[PDB]
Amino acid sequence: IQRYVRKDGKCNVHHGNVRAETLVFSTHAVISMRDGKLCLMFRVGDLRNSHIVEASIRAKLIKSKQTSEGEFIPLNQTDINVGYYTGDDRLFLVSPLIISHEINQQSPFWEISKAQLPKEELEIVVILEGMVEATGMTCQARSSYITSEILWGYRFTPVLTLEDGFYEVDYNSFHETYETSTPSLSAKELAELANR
């Protein structure tokens, strides 16, 4: 068993680094099951040459809506749960991580099947905030997924490998994703069906 983090706090990732370069989000989002729950996942890279302290991830849903009373909200915002309640939105970013939003009853995607997906007019804004260790200053990094950039029935390729007592990142695989067996029923629809 080779440590990820040494007793003195220095991580064993990217041999010969020195812990402007900019942080990258995966180009696409995926949906698929993880332990019997349907999930939306995107990937968020690290900064090769420094840590980010008080690092956090949050996501917004951008979708125009009409209230039952006829009020039309263009490009209305609602928060997507990505670990807020358990502090899993508080990141230890020292190699790319797959961020996962479990699609449950409170999730905006609860009623959205595979066929239904591409008819929906929506946008996911991902926002990482944190302090660059060296620089001292507070950073923000943003990206966006529209409908056609969400792939149903996919998983992220792993990028991480153990070489010579250090962990190296295959950055070529970063945006790579592969297909996996996945129901085309909406989360809701799955819950209903499982409940009999």
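Numbering starts at 1 and runs along the sequence shown.
- Missing deposited residues between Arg19 and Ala20: 1 to 3, all without coordinates in the entry.
- In the PDB entry, a CA B factor belonging to the lowest third of its chain's modelled residues is recorded for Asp79.
- Ranked by C-alpha B-factor against the other modelled residues of its chain, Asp170 falls in the highest third.
- Sort the modelled residues of the chain by CA B factor and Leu117 lands in the highest third.
- Per the PDB record, residue ranking by Cα B-factor puts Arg58 in the lowest third of the chain.
- Placement of the Cα temperature factor of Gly36 within the chain: lowest third of the modelled residues, per the deposited record.
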